[PDB]
Each structure stands twice: as structure tokens, then as C-alpha cells.
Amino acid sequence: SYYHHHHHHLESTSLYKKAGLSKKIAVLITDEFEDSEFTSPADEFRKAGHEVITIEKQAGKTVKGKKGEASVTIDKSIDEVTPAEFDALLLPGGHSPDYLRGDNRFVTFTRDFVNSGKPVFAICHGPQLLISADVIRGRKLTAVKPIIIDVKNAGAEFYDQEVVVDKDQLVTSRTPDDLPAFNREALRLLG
């Protein structure tokens, strides 16, 4: 369903807002991302007191979900952020990963973030960026049907499960129907 002006930052009523000490979840996201693959995790993270930083190519830009149900404002350009400043990384699916994996900046960000050991949450097509960063050979994960073959070709050990957690870092799921489990493990690693 349509989600009117979704917001992903701590509300002006948050007690954690002023001190600015919240954990930060980076999100590589562009047009045609799977709507709920952003709004659901984002809403859970926000309710948990974590901040969400959307990253694309132009700060202030508005990107729209594949279903047109959600539109989100981009907080930062990938040129002005570093994997270092974030605690975790979210990679929503839809056609967003396809658009982003053709840009070395996002692939490098994903690679460096993964190599930092920090938690990464990738759902549906999201893993495509992990493939491009080439950091999943020998690691356990799942993904949406059409790319299962690509994940395997990338040397990863595929599992058909609602959620897969590798070394308490990589959290992957298959579809929006796995969101409950996806969010559970993501939150767990953030706590």
C-alpha cells in the first residue's frame, strides 16, 4: 500500500536525537528498489533508536520504489561518505542493485564495508552488490530465485531459507515475505 512521505531519521521527539549518538545504518539505494525492502527494515531500525542514512549519487534526490508505493529522500552522495562512519549496511532489492552495481563507487563501498567485518543486510536482489564486490566466495547466504545461479557462480554456498546469517555478519533473505526473519537477525546484530 501507498506509504505517505516515509521518513528514516529519528523523530524530533526522540531522546537520542540531541546527543547524536545513535548507531548508523548506511543504505545504498536508488530508483526501483523493492518498496518494503526499505520501509520495513528502516521502520524497525528507527523504532530501535538507530539512524538510517540513504546513500546514492545526489543528496536531496528523491528515489521511488518499484511499486511506486514509497519514495525516499537521499541523505548523502556516495562521494561524501565512508564505510568507516557507519555501523551497518542495508542493501534493499528490486532493480536498485542492478543500477548501482555498474558504478565502481558503490561496489568499492560494499567491498570495503564487508571487509571491515561490520554487519551487512542484503535481501532479494540486494546480494548482487555483494557479488560485484566479490566478497562472498565460501560464505553462506540466500537470495531471490533469478540470481541463485549468480550467487553460486560467485563461489557462495547457497541455502534456501527465509534468512541466512554468515559469521554473525552477513544477513541475507529471499523476498519481502522473509522480512520478519530478515529484520530479526539484522536487529540482533545491531544490539
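The first residue of the shown sequence is 1; numbering continues from there.
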{"property": "Mean C-alpha B-factor comparison - 88 to 96 and 110 to 118, higher one", "result": "110 to 118"}
{"property": "Between the two ranges 122 to 130 and 153 to 161, the one averaging a larger CA B factor in the entry", "result": "153 to 161"}
{"property": "From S36, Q58, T54, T142, residue of greatest CA B-factor", "result": "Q58"}
{"property": "Chain-relative CA temperature factor third for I74", "result": "middle"}
{"property": "Position of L15 among the chain's modelled residues by C-alpha B-factor, lowest, middle or highest third", "result": "highest"}
{"property": "Third of the chain's Cα B-factor distribution that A26 belongs to, per the entry", "result": "lowest"}
{"property": "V63 by Cα B-factor - lowest, middle or highest third of the modelled chain", "result": "highest"}
{"property": "Third of chain Cα B-factors occupied by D178", "result": "lowest"}
